[PDB]
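Residue numbers (the numbering used here), protein chains in the order written: chain G, 1 to 120; chain Y, 121 to 238; chain D, 239 to 445; chain P, 446 to 498; chain C, 499 to 611. For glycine and all other residues, C-beta sits at the position ideal for the given N, C-alpha and C.
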Amino acid sequence: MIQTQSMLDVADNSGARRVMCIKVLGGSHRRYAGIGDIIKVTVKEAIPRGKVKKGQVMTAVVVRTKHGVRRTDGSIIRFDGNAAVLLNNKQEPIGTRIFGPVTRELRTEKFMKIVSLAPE
Amino acid sequence: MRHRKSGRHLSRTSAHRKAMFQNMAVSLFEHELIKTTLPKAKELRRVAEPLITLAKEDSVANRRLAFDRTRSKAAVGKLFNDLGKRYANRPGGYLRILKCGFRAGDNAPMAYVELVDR
Amino acid sequence: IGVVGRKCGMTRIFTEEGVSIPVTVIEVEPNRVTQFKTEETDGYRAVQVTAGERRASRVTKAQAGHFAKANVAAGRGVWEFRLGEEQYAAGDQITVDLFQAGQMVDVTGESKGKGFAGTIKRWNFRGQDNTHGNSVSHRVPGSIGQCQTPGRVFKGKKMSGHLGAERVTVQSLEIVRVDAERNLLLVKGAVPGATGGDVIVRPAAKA
Amino acid sequence: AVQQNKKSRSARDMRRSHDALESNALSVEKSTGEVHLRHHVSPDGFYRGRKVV
Amino acid sequence: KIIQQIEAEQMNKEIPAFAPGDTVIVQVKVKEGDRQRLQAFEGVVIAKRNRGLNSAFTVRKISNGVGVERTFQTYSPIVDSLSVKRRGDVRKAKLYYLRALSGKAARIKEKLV
RNA sequence: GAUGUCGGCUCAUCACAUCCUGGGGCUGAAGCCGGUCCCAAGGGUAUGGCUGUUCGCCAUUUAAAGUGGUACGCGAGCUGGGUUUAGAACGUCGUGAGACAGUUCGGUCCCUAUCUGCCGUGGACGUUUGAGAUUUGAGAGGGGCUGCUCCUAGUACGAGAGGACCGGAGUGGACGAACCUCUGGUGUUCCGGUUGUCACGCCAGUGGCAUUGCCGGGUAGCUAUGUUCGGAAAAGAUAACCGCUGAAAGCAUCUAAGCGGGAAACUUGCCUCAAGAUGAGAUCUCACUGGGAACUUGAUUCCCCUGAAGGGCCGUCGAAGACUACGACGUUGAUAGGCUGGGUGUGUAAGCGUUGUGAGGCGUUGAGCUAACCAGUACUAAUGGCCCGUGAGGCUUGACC
RNA sequence: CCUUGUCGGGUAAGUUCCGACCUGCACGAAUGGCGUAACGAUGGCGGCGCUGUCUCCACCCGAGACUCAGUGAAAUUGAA
RNA sequence: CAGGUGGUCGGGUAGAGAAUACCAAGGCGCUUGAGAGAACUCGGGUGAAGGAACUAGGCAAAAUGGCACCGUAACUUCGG
RNA sequence: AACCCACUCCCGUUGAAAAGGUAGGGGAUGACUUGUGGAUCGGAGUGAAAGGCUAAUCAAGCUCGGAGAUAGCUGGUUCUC
Ligand SMILES: [Mg+2]
Ligand SMILES: [Mg+2]
Ligand SMILES: [Mg+2]
Ligand SMILES: [Mg+2]
Ligand SMILES: [Mg+2]
Ligand SMILES: [Mg+2]
Ligand SMILES: [Mg+2]
Ligand SMILES: [Mg+2]
Ligand SMILES: [Mg+2]
Ligand SMILES: [Mg+2]
Ligand SMILES: [Mg+2]
Ligand SMILES: [Mg+2]
Ligand SMILES: [Mg+2]
Ligand SMILES: [Mg+2]
Ligand SMILES: [Mg+2]
Ligand SMILES: [Mg+2]
Ligand SMILES: [Mg+2]
Ligand SMILES: [Mg+2]
Ligand SMILES: [Mg+2]
Ligand SMILES: [Mg+2]
Ligand SMILES: [Mg+2]
Ligand SMILES: [Mg+2]
Ligand SMILES: [Mg+2]
Ligand SMILES: [Mg+2]
Ligand SMILES: [Mg+2]
Ligand SMILES: [Mg+2]
Ligand SMILES: [Mg+2]
Ligand SMILES: [Mg+2]
């Protein structure tokens with residue numbers, strides 16, 4: 001989410017209900033990860049029947065956080081509750097629908113799917 | 121660091137510091153001349169002057185507000201009756217500070233605080 | 239050459255697109271030239287520069303006569319700029335007209351002084367624990383050197399003291415706006431020193 | 446900690462070379478001709494030709 | 499005054515009079531796909547600064563069962579319009595106590611009409 | 001007649017037998033990748049589960065998660081988890097006291113730094129008459145890191161799969177500096193809510209104490225989690241390496257002479273200090289133009305008159321500061337305090353009058369109060385005072401009326 | 001002892017913890033053997049909440065420390 | 001000399017209370033002060049995002065804690 | 001809660017104190033706590049047992065005598081040629 005061992009729920013239908021960050025991908029030692037940054041998570045609490053089992057190492061992208069996202073302005077979108085979206089071995093999402101809002105700072109060439117699938 | 125921070129602690133807690141200037145003003149408005157320490161006089165001019173300025177407008181609300189911070193019937197009576205009318209046309213500067221030697225026991229720079237007209 | 243001004247706080251301006259440009263407003267009095275150090279008499283080549291508004295009672299007679307060779311009636315401080323090749327008369331006026339949009343510049347000036355700083359603040363050291371049995375030492379520096387055969391403490395060791403107001407320069411700040419009427423420079427970024435100080439603006443050589 | 450060798454007279458006296466006094470801020474009152482510290486009320490109670498106490 | 503005077507030129511009237519506790523709707527410019535468009539952000543104001551050009555308010559919205567609070571800069575050209583739909587008495591400056599209350603407990607009373 | 005032993009945290013410094021980045025040779029190196037070996041120490045070189053553990057095995061990255069020295073660095077910098085004095089227990093040996101480098105719980109880690117060393121900051125004197133200000137740079141420090149996308153080009157190469165060299169554009173991680181414009185934190189000196197209790201002759205209103213009583217906010221300042229910037233480009237000499245002419249040795253030959261290219265290393269280039277650089281450097285300007293005696297003669301000493309340029313004392317202070325030091329101002333006057341208009345923070349003050357039996361509500365109603373923020377204003381406080389610093393700047397040689 | 005013996009659970013990862021295997025160097029029945037509710041300032045693990053423990057510390061308030069005046073030790077000391 | 005020392009009286013307001021917070025009677029200002037408000041130590045207040053990732057170990061700190069009512073599991077020596 | 005005891009962190013270590021202080025902690029109708037007086041003493045007493053306590057001293061105290069014990073062990077041993 002923003003640090004190793006940071007509990008957060010997922011924004012996905014076929015995923016779990018809560019996951020925990022275990023590694024912030026990127027440089028040598030990244031202390032923090034903002035919205036739109038890849039993390040590595042472990043499934044801590046799963047839905048009674050989905051697709052991802054409990055206690056599995058997956059890759060996720062941060063989509064919401066209480067720290068907020070800062071644009072090229074004095075204006076920041078700040079949520080109340082963290083969230084993430086799971087990813088496959090390739091960097092495309094697992095589920096179909098996305099719960100809650102997202103941010104337009106996230107949409108890049110590689111994330112045109114989840115932004116289109118999410119109600120902002 | 122103190123960068124552009126105003127107000128000196130004087131090695132006293134906040135309540136002692138408040139109550140000490142509250143009791144220095146009430147004593148200054150009885151005798152009109154006090155032998156006090158110079159750093160204490162440099163801070164007393166930021167407490168007595170608001171009271172003297174407040175005393176220039178007589179009202180129930182003004183007298184209550186003055187009493188709320190200099191709690192003494194004699195001081196409130198001295199204000200609004202002798203002070204605030206004598207300085208009815210003096211813009212600011214209601215008292216002066218004159219350094220006076222040093223203390224006998226310790227070496228504390230003393231200073232006289234005196235009302236400007238007396 | 240360069241221009242001497244005053245830091246006067248930071249502000250912000252909004253362009254038509256929508257982005258925010260943090261800005262440091264630099265006041266620039268029109269600067270007079272005091273000397274033109276030629277090579278034949280001084281070796282190097284440079285030009286003196288001065289700001290105004292100093293009372294006559296605070297200038298020594300030596301300085302008053304120094305500002306009498308060129309009719310300047312100069313004020314506080316004297317600054318000198320080394321230049322490659324450009325002629326300047328004894329009495330000249332240097333304004334903000336030599337700057338334009340873009341034009342990344344180097345901004346020097348005395349930084350804000352911290353009184354007497356510890357090692358965690360001056361050198362970004364890491365502190366010891368706070369609960370796990372630790373003794374009084376919580377923020378003090380740890381070891382200094384090795385046991386037997388440095389025989390001493392190596393010079394240049396990072397220790398506490400005086401995060402000072404020593405001169406520091408921020409490199410390659412782009413100018414957003416130049417005001418030839420109010421005599422202002424809008425620099426995109428931070429400027430060393432507190433507001434109301436003295437700041438030197440020079441073209442950036444690093445590019 | 447403690448010392449390994451005592452300091453001699455020269456080493457001790459060199460340290461206290463920067464230990465001297467200076468209070469020469471005296472001024473003569475124009476009226477009473479009384480010596481007093483500058484910007485201070487005189488011992489008799491005069492400041493720049495005016496009794497204040 | 500030189501910095502207080504530069505800000506006056508950037509100040510152009512864009513906002514009506516409002517206060518904390520109102521339910522404003524904000525039209526924000528969206529630059530995406532080489533086509534500019536507006537977007538409506540309706541919520542309840544919970545904070546305000548009045549420094550001048552450095553003025554900003556915070557508006558809280560509940561979207562898709564998820565809360566979200568957006569800090570807006572008053573004099574940015576991104577903040578195009580600002581209309582007040584409701585105003586109520588709160589006798590407080592910052593309504594940060596609403597970050598916990600969700601539904602019926604987070605209702606703004608009405609002594610002001 | 002005492003050198004405190006293993007691990008952990010903090011702080012680092014040094015070697016290259018180099019993990020990554022950099023330049024090259026060979027290869028059973030088509031390309032993408034690799035193996036091996038020279039040159040290269042400029043900068044980097046991970047977070048966790050276990051275990052007291054260094055080490056080691058694991059899950060997940062990263063360009064890489066280097067090997068050693070430095071009392072297997074660092075306890076007059078911290079811990080005492082291990083070994084570990086006294087208590088107790090399990091197993092084994094011993095009839096027994098007791099023992100085990102076999103296990104398990106519990107078990108006081110002292111020192112105010114005198115002299116070297118280092119980070120800061122001052123006083124004295126010198127730089128040859130004395131001052132104000134600016135300065136060249138002998139020399140020493142600072143920095144040097146790197147990933148990921150797009151165009152060249154799906155081109156070359158390769159049956160196909162797969163896929164560049166060099167060059168250009170963009171934005172990321174770690175590190176470092178600076179600053180509050182923004183986003184937050186703090187803000188016991190600003191404004192409000194409210195519990196218990198005491199007090200102001202009582203109602204109202206208000207103030208102490210209860211961790212700021214408990215909180216809701218918050219100006220300036222400080223601050224990072226925020227804003228911006230930097231690692232270079234370019235030149236010279238080179239290491240490994242690639243050579244051209246060229247013999248010795250009619251050919252050949254990168255060398256013996258000579259002429260080149262050549263990498264984060266070297267020296268400039270970017271930033272800071274820097275003439276105590278006793279070799280004490282350099283330009284501009286300012287100040288002093290009076291006598292007498294003894295003794296000796298760069299002539300020395302003494303008496304009087306003179307004290308200039310300026311500096312210090314002192315005071316009002318500073319986004320400067322431990323004390324200093326440094327910057328600004330002292331009535332030729334806005335240096336500090338106050339006062340009047342503003343802005344900000346808080347939120348319809350007290351009192352007047354009505355509805356209700358009453359708490360409460362209503363014109364009162366954006367009111368009142370408002371620290372450090374901006375403008376103006378001599379009302380107050382900074383005294384036409386004292387002390388230092390002098391009276392034309394030694395002698396030899398060359399040019400020079 | 002070999003030993004972090006082999007299998008399973010918990011965790012992404014478990015020389016610690018819990019349940020089994022018997023190859024018990026060196027368990028074993030009043031130096032008592034197996035169980036045991038409640039009791040432990042007892043030992044070892046795991047979970048919710050909580051948080052400056054920690055990424056990484058930033059600000060603020062008092063008593064120290066620093067300057068002025070008075071009184072005024074200490075261990076050590078062959079000489080510098 | 002922040003330590004130790006047997007026994008009686010022991011009020012008002014809240015509170016079950018000889019606890020706790022303010023006061024009456026009565027007694028005290030704790031026998032060096034005055035400055036400034038650096039590092040660092042000690043005793044505290046708050047904290048953006050994470051929430052034990054710190055550590056030999058949740059050590060220390062943070063959080064719950066009052067009266068009335070509802071309701072309460074494995075196990076048990078049938079009290080809990 | 002008084003009262004007794006001393007489980008944990010920090011401070012203190014030349015301390016306010018030769019064993020304490022601010023925070024937290026256990027018992028608090030009993031095998032309790034405590035005031036006054038008395039009995040048990042040196043290879044000898046007491047001990048819910050640590051080799052603990054026996055006047056700041058304990059694997060057998062303090063003091064006076066044997067005693068200037070003994071020390072194959074340290075240290076020191078003074079003017080000149
Ligand atoms: Mg209080
Ligand atoms: Mg400063
Ligand atoms: Mg501590
Ligand atoms: Mg040591
Ligand atoms: Mg040596
Ligand atoms: Mg609600
Ligand atoms: Mg010895
Ligand atoms: Mg090598
Ligand atoms: Mg280089
Ligand atoms: Mg060692
Ligand atoms: Mg120690
Ligand atoms: Mg034992
Ligand atoms: Mg009342
Ligand atoms: Mg009282
Ligand atoms: Mg010179
Ligand atoms: Mg003069
Ligand atoms: Mg038994
Ligand atoms: Mg009572
Ligand atoms: Mg926090
Ligand atoms: Mg929070
Ligand atoms: Mg751990
Ligand atoms: Mg760890
Ligand atoms: Mg605890
Ligand atoms: Mg007792
Ligand atoms: Mg108790
Ligand atoms: Mg004893
Ligand atoms: Mg003997
Ligand atoms: Mg005998």
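ask   = Going by the C-beta, is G383 (chain D) closer than 7 angstroms to any heavy atom of ligand 5?
value = Looking up residue 383 (chain D) in the third sequence gives position 145. No.
task = Would you verify that the beta carbon of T72 (chain G) is, or is not, closer than 8 angstroms to some beta carbon of chain D?
result = Along the first sequence, one-based indexing puts residue 72 (chain G) at 72. So, interface residue.
query = In chain G, which residues lie with their C-beta within 8 angstroms of the C-beta of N510 (chain C)?
reply = In the fifth sequence, the residue the question calls residue 510 (chain C) occupies position 12. Ordered by position in chain G, no residue passes the 8 angstroms Cβ test against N510 (chain C), which lies about 17 angstroms from the chain.
ask   = Is any beta-carbon of chain G found at less than 8 angstroms from that of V261 (chain D)?
value = Locating residue 261 (chain D) in the third sequence gives position 23, counting from the first residue. Judged by the 8 angstroms Cβ criterion, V261 (chain D) is not in contact with chain G.
query = Shorter than 8 angstroms from the beta carbon of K193 (chain Y) to some beta carbon of chain P?
reply = Your numbering for residue 193 (chain Y) matches position 73 in the second sequence. By this cut-off, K193 (chain Y) is not an interface position.
ask   = Shortest alpha-carbon distance to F392 (chain D) belongs to which of D:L336, D:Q386, D:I382, D:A312?
value = Position 154 of the third sequence, counted from the first residue, corresponds to residue 392 (chain D). Ranking the options by Cα distance to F392 (chain D), first place goes to D:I382.
task = Could you please tell me which residues of the stretch 207 to 229 of chain Y, in chain order, have their CB closer than 8 angstroms to any CB of chain P?
result = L218, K219, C220, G221
query = Which two residues bound the contiguous beta strand (DSSP E) that contains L411 (chain D)?
reply = The residue you call residue 411 (chain D) lines up with position 173 of the third sequence. 408 to 417 is the span of the beta strand (DSSP E), which, as asked, contains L411 (chain D).
key: Bounding residues of the alpha helix (DSSP H) (the contiguous stretch that carries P170 (chain Y))   = Looking up residue 170 (chain Y) in the second sequence gives position 50. 168 to 174 is the extent of the alpha helix (DSSP H) around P170 (chain Y).
Buried versus exposed call for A84 (chain G) [16 or more other C-beta atoms within 10 Å across all chains shown] = Residue 84 (chain G) sits at position 84 when you count from the first residue of the first sequence. Under this definition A84 (chain G) is a buried residue.
query = From which residue to which residue does the alpha helix (DSSP H) around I114 (chain G) run?
reply = Locating residue 114 (chain G) in the first sequence gives position 114, where the first residue counts as 1. Its alpha helix (DSSP H) spans residues 112 to 117.
ask   = According to DSSP, is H463 (chain P) helix, strand or coil?
value = Start at 1 with the first residue of the fourth sequence, and residue 463 (chain P) comes out as number 18. Helix, per DSSP.
task = Check whether the Cβ of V257 (chain D) lies closer than 8 angstroms to any Cβ atom in chain G.
result = Stepping through the third sequence from its first residue, residue 257 (chain D) is reached at position 19. It does; some Cβ of chain G falls within 8 angstroms.
ask   = How about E150 (chain Y): is its C-beta nearer than 8 angstroms to some C-beta of chain P?
value = Numbered from its first residue, the second sequence carries residue 150 (chain Y) at position 30. Not closer than 8 angstroms to any Cβ of chain P, the Cβ of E150 (chain Y) fails to qualify, so no.
inquiry  = If the cut-off is 8 angstroms on Cβ atoms, which residues from the stretch 456 to 490 of chain P count as contacting chain Y, listed in chain order?
reply    = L482, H484, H485, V486, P488
query = Taking DSSP as the reference, what is the three-state secondary structure of residue 133 (chain G)?
reply = This structure does not reach residue 133 (chain G), given that chain G is present from 1 up to 120, and the question cannot be answered.
ask   = Can you check whether the CB of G541 (chain C) is closer than 8 angstroms to the CB of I606 (chain C)?
value = Numbered from its first residue, the fifth sequence carries residue 606 (chain C) at position 108. Numbered from its first residue, the fifth sequence carries residue 541 (chain C) at position 43. Their beta carbons are not under 8 angstroms apart, which means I606 (chain C) does not touch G541 (chain C) by this criterion.
ask   = Taking DSSP as the reference, what is the three-state secondary structure of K66 (chain G)?
value = Residue mapping note: residue 66 (chain G) aligns to position 66 of the first sequence, counting from 1. Coil, per DSSP.
inquiry  = Cutting at 8 angstroms between CB atoms, please list the residues of its own chain near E479 (chain P), excluding the five before and the five after it.
reply    = Taking the first residue of the fourth sequence as position 1, residue 479 (chain P) is located at position 34. Closer than 8 angstroms at Cβ, skipping near neighbours: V473, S487, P488, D489, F491.
ask   = Between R223 (chain Y) and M230 (chain Y), what straight-line distance do the alpha-carbon atoms span, to the nearest angstrom?
value = In the second sequence, counting from the first residue as 1, residue 223 (chain Y) sits at position 103. In the second sequence, counting from the first residue as 1, residue 230 (chain Y) sits at position 110. Roughly 6 angstroms separates the two Cα atoms.
inquiry  = Please classify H481 (chain P) as buried or exposed, where buried requires at least 16 other C-beta atoms within 10 Å of its C-beta.
reply    = Against the fourth sequence, residue 481 (chain P) aligns to sequence position 36. When all chains shown are included, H481 (chain P) counts as buried.
query = Whose C-alpha, out of G:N13, G:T42, G:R30, G:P119, is nearest the C-alpha of residue 127 (chain G)?
reply = The structure shown has nothing for residue 127 (chain G), since chain G only spans 1 to 120.
message = Residues of chain C with CB closer than 9 angstroms to the CB of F99 (chain G), please, in chain order.
response = Start at 1 with the first residue of the first sequence, and residue 99 (chain G) comes out as number 99. What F99 (chain G) touches in chain C: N562, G563, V564.
key: 8 angstroms Cβ shell around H129 (chain Y) - same chain, five flanking residues per side excluded   = Numbered from its first residue, the second sequence carries residue 129 (chain Y) at position 9. Correct list, in chain order: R137.
task = Select from the stretch 514 to 546 of chain C all residues with a C-beta closer than 8 angstroms to any C-beta belonging to chain D, and list them in chain order.
result = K527, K529
message = Can you give me the C-alpha to C-alpha distance between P379 (chain D) and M397 (chain D), rounded to a whole angstrom?
response = Sequence index remark: in the third sequence, residue 379 (chain D) carries index 141 (1-based). Sequence index remark: in the third sequence, residue 397 (chain D) carries index 159 (1-based). Taking the straight line from one Cα to the other gives about 8 angstroms.
query = From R64 (chain G) to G55 (chain G), what does the alpha carbon distance come to, in whole angstroms?
reply = Position 64 of the first sequence holds residue 64 (chain G). Position 55 of the first sequence holds residue 55 (chain G). Each residue's Cα considered, the two are about 23 angstroms apart.
query = For the stretch 126 to 184 of chain Y, which segments carrying the beta strand (DSSP E) assignment without a break, of at least 3 residues, lie completely within its bounds, in sequence order?
reply = 153 to 157
request  = Leaving aside the five residues before and after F274 (chain D) along the sequence, list all residues of the same chain whose C-beta is less than 6 angstroms from its C-beta, in chain order.
outcome  = Working through the third sequence from its first residue, we reach residue 274 (chain D) at position 36. Answer for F274 (chain D): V285, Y326, listed in chain order.
task = Go through its chain and collect everything with a Cβ distance to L593 (chain C)'s Cβ below 7 angstroms, but skip five positions before and after it.
result = By one-based count along the fifth sequence, residue 593 (chain C) stands at place 95. Here the set comprises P518, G519, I544.
task = Can you tell me which of the three DSSP states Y595 (chain C) falls into?
result = For the purposes of this step, residue 595 (chain C) is taken as the residue at position 97 of the fifth sequence. The answer is helix: DSSP assigns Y595 (chain C) an H, G or I state.
query = If you count every other CB in all the chains shown that lies within 10 Å of the CB of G68 (chain G), and 16 or more means buried, which is it?
reply = Here residue 68 (chain G) refers to the residue found at position 68 when the first sequence is read from its first residue. Buried is the call here.
message = Using a strict less-than 6 angstroms threshold between each residue's beta carbon and the heavy atoms of ligand 6, what residues do you get?
response = C:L599, C:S600, C:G601, C:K602, C:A603, C:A604
ask   = Going by the beta-carbon positions, is the gap between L87 (chain G) and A46 (chain G) smaller than 8 angstroms?
value = Here residue 87 (chain G) refers to the residue found at position 87 when the first sequence is read from its first residue. Here residue 46 (chain G) refers to the residue found at position 46 when the first sequence is read from its first residue. No, they are not a contact pair.
request  = State whether the stretch 332 to 342 of chain D contacts the stretch 288 to 303 of chain D, with contact taken as three or more CB pairs (one from each stretch) at a distance under 8 angstroms.
outcome  = no
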